[PDB]
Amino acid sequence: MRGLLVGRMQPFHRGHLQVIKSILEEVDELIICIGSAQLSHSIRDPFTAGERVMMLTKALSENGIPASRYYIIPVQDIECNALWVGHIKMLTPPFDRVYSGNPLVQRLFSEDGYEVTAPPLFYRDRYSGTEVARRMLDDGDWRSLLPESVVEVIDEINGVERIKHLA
């Protein structure tokens, strides 16, 4: 039983982590697709795919989630929403369930015959990339919304410095 989770992870936060945990309770393995892998250096998508790979790797690992239980696959976007599901399938291992709270993602996979599950929201109020960026720019408390290992990486790559320079 292999599930699939698609997210930009800009950046990978506690919301993303709790849901990945819920999913690992009902699936043997989880394919984690880092979407919009070609985007970076924008307030909405500031980190590169590679940097996001490190964030998930350290977070999941520091959280005791075995490496053999997931796959981290960067996926660039394409112009045709109609071929997007096939695009994912071409780049990933087989999967039976799709987890997403994104309407377009859910609809596209539904039309394709896949069972789509919208995981429960875990403090959508504070645990959102929008909020994380919003706090970084306004000197708010962003570190609280992210796993410690994710904060460490953002520190090592000078994430905040980058984001502020862009705003």
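From 1 onward, residues are counted along the sequence shown.
**Q** Identify the stretch, either 51 to 59 or 121 to 129, whose C-alpha atoms have the larger mean B-factor according to the entry.
**A** The recorded data point to 121 to 129.
**Q** Report the stretch with the higher mean CA temperature factor, choosing between 108 to 116 and 40 to 48 on the basis of the entry.
**A** Going by the record's values, the stretch with the higher mean is 108 to 116.
**Q** Which of these has the highest Cα B-factor in the record: 1, 160, 4, 167?
**A** Going by the entry's C-alpha B-factors, 1 comes out highest.
**Q** Please place residue 64 in the lowest, middle or highest third of its chain by C-alpha B factor as given in the entry.
**A** As the PDB entry reports it, the C-alpha B-factor of residue 64 lands in the highest third of its chain.
**Q** Ranked by Cα temperature factor within the chain, is residue 33 in the lowest third, the middle third or the highest third?
**A** It falls in the bottom third of the chain.
**Q** Taking the entry's C-alpha B-factors for this chain, is residue 11 in the lowest, middle or highest third?
**A** CA B-factor rank for residue 11: lowest third.
**Q** Per the entry's values, where does residue 22 land by CA temperature factor relative to the rest of its chain, in the lowest, middle or highest third?
**A** CA B-factor rank for residue 22: highest third.
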